[PDB]
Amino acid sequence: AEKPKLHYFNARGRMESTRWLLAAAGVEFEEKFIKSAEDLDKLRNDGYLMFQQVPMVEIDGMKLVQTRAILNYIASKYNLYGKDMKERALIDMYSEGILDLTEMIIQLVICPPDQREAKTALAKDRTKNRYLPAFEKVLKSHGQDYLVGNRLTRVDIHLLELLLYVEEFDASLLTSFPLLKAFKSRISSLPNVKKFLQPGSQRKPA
């Protein structure tokens, strides 16, 4: 199938950034949900999971695991990875910061309830004082609609996804970043993104 096939639980988890990037690229995709231990064991026994873990994406004859490998391939394939290696260096630097903050926020519910408060205060401080200032500064410096190269790249999508999660986590964290507010509304208005934001899409709930 030329539709990529996404193997994961029926949940956001580690697959959601790949759903976002495919949706932004206008690429229809199929999901095969892991609903049982037998589902996972079959993928493992069939040799489909190089390190016995999901996300796995079947695409272009490959069985790709590791979300960073999956995202890199999708971004290159659909021209969302910039035009040269210096542009990719900016995209990667920006993207890695976003993934680090996203990981901290996701880790809050996997962490035991008695440490969730302490890691929540830390995640909020890092959001307000380390990560969002860096991206506000990028947008303020060049004044362009997109993070890199004055055109849509993968990291605009990664940032929108993060901004949506911040709004779920604590909407007040966004109030002091006006260029990021405007960015969120702009990227949300891209036709493929608008479609993915609508109820009924493959976007997964919190």
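One-based numbering along the sequence shown.
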Original post:
Between 116 to 124 and 85 to 93, which has the larger average Cα B-factor in the PDB entry?
Top reply: 116 to 124
Subject >> Mean C-alpha B-factor comparison - 99 to 107 and 76 to 84, higher one >> reply: 99 to 107
Original post:
Say you rank 67, 36, 53, 144 by Cα B-factor from the PDB entry; which sits at the top?
Top reply: 36
Original post:
Hey, what third does residue 178 fall into on Cα B-factor, ranked over its chain?
Top reply: lowest
Subject >> Cα B factor band for residue 153 (lowest, middle or highest third within the chain) >> reply: lowest
**OP:** Among all modelled residues of this chain, ranked by Cα B factor, put residue 161 in the bottom, middle or top third, i.e. lowest, middle or highest.
**Re:** lowest
Subject >> Chain thirds of CA B-factor: placement of residue 59 >> reply: middle
Original post:
C-alpha B factor of residue 171, ranked within the chain: lowest, middle or highest third?
Top reply: highest
